[PDB]
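Okay, so here's the structure we're looking at.
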Amino acid sequence: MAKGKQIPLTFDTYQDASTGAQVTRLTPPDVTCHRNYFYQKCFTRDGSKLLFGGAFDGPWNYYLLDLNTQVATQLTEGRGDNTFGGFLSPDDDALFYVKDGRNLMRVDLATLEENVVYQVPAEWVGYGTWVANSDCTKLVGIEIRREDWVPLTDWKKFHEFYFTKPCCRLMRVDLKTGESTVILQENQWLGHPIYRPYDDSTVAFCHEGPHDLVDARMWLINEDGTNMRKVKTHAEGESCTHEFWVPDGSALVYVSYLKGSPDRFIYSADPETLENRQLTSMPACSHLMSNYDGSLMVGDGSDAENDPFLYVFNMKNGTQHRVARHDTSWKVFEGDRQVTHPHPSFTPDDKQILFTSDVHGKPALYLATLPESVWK
Ligand SMILES: [Ca+2]
Ligand SMILES: [Ca+2]
Ligand SMILES: [Mn+2]
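Our numbering numbers the first residue of the sequence shown as 6 and each following residue consecutively.
Laid out in structure tokens, this is it:
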């Protein structure tokens, strides 16, 4: 294998053991393959091609899978790809991803030629995922001062890091010029910056750290650095997590729970009004994602083997649907703590959900067909 090489994949279709839903496995479970982060574009607009990470060449690299032809083309090569943060451009003509922790790359999908768009400078370390605006002309991301950075290779390191008050800057990068601007810089752990879809003037970001210790999880700031404000004031004992933009940019959605009760709730916040509203209760899930207008949501039942199910929430109906099993082990493969995360999202047609599981050996990609009962 190498950049540009093609491999044919077998698609194995069966019925879910619990729900009877049609499920198709897309990748062979003797090779580690996984989907990207759920909020990053991986399907082309017409739903015919799919970006994923695979280990066929040895390390984990990007591939584009033609879902009609069942051929995967290797997009990137070498040992330093972050195969989770990558996304397709709006026009389906480019892949953006980070190589060697520092180099934000653009890959031309026709030629497979790469260009380095931006390099995190020497005195800083890129943290987390770079996220584009809807126009795909700008990126936001976090850089942490090298002096303050440590490799966060386990959950104890991740826990302790919060108390060090690392110097973090929220960067915005121009994709055409490669120029960078600091939006915000503070001595506290900043994370998950995400442009509001169709509103470049609004950037959401978090205070990373233990859920029950952070002053407030969710923040908004204007693109120019002005008007930094919290999305909500946490009630006593309240944790807020799993925040994401509805892809149409209508609302910020998140999960809320209170110390003393296991119950989880989906909430929505209006970005202009900052009214936060409780939408529905949910089973404990590890992630949450919606379709384009937030009329459907999907979540992956959490580890304690506790809950092997994928749930779909019909937000028009207020109904909840146990649609299929993910059956992931949640185990670490090759040091990576995200690789077995199901990370469900909807196909562009809203008929299927895409997720990772290692149920059949190594991590693989699956598509589960939503039952007619989701829409009654
Ligand atoms: Ca090779
Ligand atoms: Ca509004
Ligand atoms: Mn995850």
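Where a beta carbon is used, it is the ideal one built from N, C-alpha and C, also for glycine.
Any heavy atom of ligand 3 closer than 7 Å to the Cβ of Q343? yes
Given 7 Å as the limit, tell me if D275 has its C-beta closer than that to any heavy atom belonging to ligand 2. yes
Can you look up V379 in the DSSP assignment and give me helix, strand or coil? helix
Taking three-plus beta-carbon pairs below 8 Å as touching, is the region 26-44 in contact with the region 348-355? yes
Pick out whichever of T37, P368, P376 has its Cα sitting closest to the Cα of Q357. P376
Rounded C-beta distance between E191 and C173? I'm assuming under 8 Å. 6 Å
State the DSSP-derived secondary structure class of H292, mapped to helix, strand or coil. strand
Do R40 and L359 have their C-beta atoms within less than 8 Å of each other? yes
Do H346 and ligand 3 come close, with the Cβ less than 7 Å from some heavy atom? yes
So which of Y200, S255, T246 has the shortest CA-CA distance to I271? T246
If I follow the unbroken beta strand (DSSP E) through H247, where does it start and stop? 243-250
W250 and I199 closer than 8 Å at C-beta: yes
Taking the alpha carbon of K54 as the reference point, which residue from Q283, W129, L70, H212 has its own alpha carbon closest? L70
Closest Cα partner of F163 within the set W194, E248, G230, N281: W194
If you draw a straight line from the alpha carbon of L263 to that of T18, how long is it in whole angstroms? 41 Å
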